[PDB]
Structures are given as C-alpha cells and as structure tokens.
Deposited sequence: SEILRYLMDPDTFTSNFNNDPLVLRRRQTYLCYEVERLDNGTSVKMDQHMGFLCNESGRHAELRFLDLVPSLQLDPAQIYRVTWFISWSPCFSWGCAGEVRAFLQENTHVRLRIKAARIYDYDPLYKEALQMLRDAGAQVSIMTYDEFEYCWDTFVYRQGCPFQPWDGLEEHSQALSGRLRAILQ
C-alpha cells in the first residue's frame, strides 16, 4: 500500500475549527471482514473522495455472502449539496452486507445542508463520529510514510476533538 507524505497528513487532518481551509478532503479507508483492503483517496477533478471510494468497491471483490465493516478516517464530514451523502446512502441500501463507520476530523459546514448529510447518513446506518487523538495517531501509524517516527500532536488536538464531537452529537441527537 502506498503511504502518504507526512506533511500532507498534518495539513489535511489538523482539526482546528477556526482555520479557513481549502475544500480538499483526504479519506483513509480500511475494510474488515466479519479481506483487509486499505488505502487513501482525495478529491480529484470535481469527484469527491467519498464517491471515488464507492467507485473502487467493485475492485475489492467483496463476497455478497460475507459481512464487512468499512471504516473511513476522513478529514471533512461528507457534503449534501454535491451528492456525496446521497450516493453513500444509495450504496448502503444496495449493499446491506456492508456496515460503514465514518470518523471525521472536521465538520464540513461550508455546505448549507451539512446537518442533513450527517442526519441522513446516520438514518441509513452509518456510524458517524469525530476523530480523537487515538484515531489520529492510528492513522499516522498506518497510512503515513513516517519512517518509524511517532505521531506528534498539533496544538489543542484534544480540545478541538471534544468541541467538534459535542457539536456533532447535538446535530444527531
């Protein structure tokens, strides 16, 4: 599996919510059978990382008779107004042997309907939560070309995660 540049990880997964950022998304994924496929994806030429993950599901050749858990570690929560939540809902309805967990570093409130995205994905069976220190370091250790160097947290990581988690839990309550 090809490993991500460390600078790319840190700049995209920093969870300080008061920074204006570009609308790029990185999506680290793992699939577990209940196979083990793993990798990462970004938005490319108008196609959001979430839909690019859906595009490659056929190449994973999942057994329809087997149950799989798909985990996304994603730098932004999925949008509504550009079709991501809708395509992801359709995929879950069409592939009931798949259970999806979405762990988001930040909430994508640049979309006016971002709350509708989170709420509808929850209703479709996705488990949506905000990334914590544990997940950030796991991603550093798993998807990043770190050359044996340990994860070094950015300032306020824990406070930002708890603040965003409280906001997400209020949206979904």
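Numbered from the first deposited residue, the unresolved ranges run 1-4, 39-46.
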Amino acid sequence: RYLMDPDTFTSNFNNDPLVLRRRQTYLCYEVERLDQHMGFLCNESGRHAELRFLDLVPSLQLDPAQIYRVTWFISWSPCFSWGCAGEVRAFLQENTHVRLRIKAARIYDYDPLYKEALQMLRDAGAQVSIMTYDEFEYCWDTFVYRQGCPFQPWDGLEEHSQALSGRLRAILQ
From here on, numbers count along this sequence of modelled residues.
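Basically, rigid core = biggest C-alpha set you can superpose within 1.5 Å across the two forms.
Rigid core fits of the other structures in 5 other deposited structures of this protein place the C-alpha atoms of one stretch farther away on average; of 76-84 and 93-101, that stretch is 76-84. Between 22-30 and 130-138, the larger mean CA deviation from the shown form in 5 other deposited structures of this protein, after core superposition, belongs to 22-30.
The mean C-alpha temperature factor is higher for 53-61 when 22-30 and 53-61 are set side by side. Averaged over their C-alpha atoms, the temperature factors of 81-89 and 68-76 are higher for 81-89. If you compare the C-alpha temperature factors of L41, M131, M120, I107 in the entry, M120 comes out highest.
In the deposited entry, the Cα temperature factor of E116 sits in the middle third of values across the chain's modelled residues. In this PDB entry, the Cα temperature factor of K103 sits in the bottom third of its chain's modelled residues, the lowest group. When the modelled residues of the chain are ordered by their C-alpha B factor, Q36 lands in the highest third. Per the deposited record, the Cα B-factor of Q147 falls in the highest third when ranked against the other modelled residues of its chain.
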